[PDB]
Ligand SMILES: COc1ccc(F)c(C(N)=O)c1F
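In structure tokens, one chain follows: the form solved without this ligand.
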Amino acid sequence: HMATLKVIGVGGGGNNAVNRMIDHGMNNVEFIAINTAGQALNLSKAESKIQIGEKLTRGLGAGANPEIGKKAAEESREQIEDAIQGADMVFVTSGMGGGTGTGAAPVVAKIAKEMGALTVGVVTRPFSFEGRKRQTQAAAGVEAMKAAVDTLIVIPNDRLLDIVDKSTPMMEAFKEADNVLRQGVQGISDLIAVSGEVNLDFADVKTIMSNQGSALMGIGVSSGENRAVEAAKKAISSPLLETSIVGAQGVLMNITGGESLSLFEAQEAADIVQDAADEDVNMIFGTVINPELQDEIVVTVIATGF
């Protein structure tokens, strides 16, 4: 009776994200690759691959046309549905601005939502250097995604330019963007498998994420003195997110630590999130005592209600 989580990459960036997460190792999660491009799809490492629009595109891409991606997805609805079937939670990841992701990712999410799955989008917006038409297409896709998901995390690719130095490889920067989805999925998966002392379950995840719009999904790990405060600051202060914690009115917050986890520092962590939100936050709070940890503390935050 464990919740089934799947991650679906749509289009090239989404396919890239899936491949990098599989390489990094992700257990108990099923991956699905959806694309118009057959070359990319044949190099995908996902167990489940769906080629959409083969008649439309002959296995090439949609060439940055969103209408092609939308039509390709709608005409493969049943295959997408079969691939999703059994899922309790679906993450759809895609780079907005192109044709396949922009057009197909909202269809995929709507399919998941109408199968009852808790449906979370994690998408990118294009770099400014890609031009205003691409940004405008991406914007339309972001809006379409919001209509189709339960919660949406947007990562403006421009924020990657804030976290590199002059030498950081592009693949390394892309992995920092991948960590938003990967660590969010892993945090939800760990919350679900492990009974905590103050317990949170999938139903608590649905309460914070179902039908909520923009969201924030963060993780923080710290040790030493003031660890709980520092871990909580880390969980809510990502430089890559379009939606910051501010104005968040619902929050799911789980703290994992060793047997040394004090009530005092749990309150400290929670106050850091309440204060940073600058609202009265509806907090769903959990704790998990993992004795294998020694002096390490993990704070997972999901915030919605914007």
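We number the residues from 1 along the sequence you see.
There is another form of this protein, the form deposited with this ligand bound, and it is not shown here; the text below is about that form.
A.B. asks: Which pick from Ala147, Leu161, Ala140, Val194 sits with a heavy atom within 4.5 Å of this ligand in the deposited complex?
C.D. replies: Comparing distances to this ligand in the deposited complex, the residue within 4.5 Å is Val194.
A.B. asks: Please tell me which of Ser210, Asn199, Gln85, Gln79 lies within 4.5 Å of this ligand in the deposited complex, judged by heavy atoms.
C.D. replies: Checking each option against this ligand in the deposited complex, the one that comes within 4.5 Å is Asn199.
A.B. asks: In the deposited complex, does every one of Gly187, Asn254 and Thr287 come within 4.5 Å of this ligand, counting any heavy atom?
C.D. replies: Every residue of the spot touches this ligand in the deposited complex.
A.B. asks: Please identify, from 71-79, 226-234, 199-207, 107-115, the stretch that has a heavy atom within 4.5 Å of this ligand in the deposited complex.
C.D. replies: It is 199-207 that comes within 4.5 Å of the partner.
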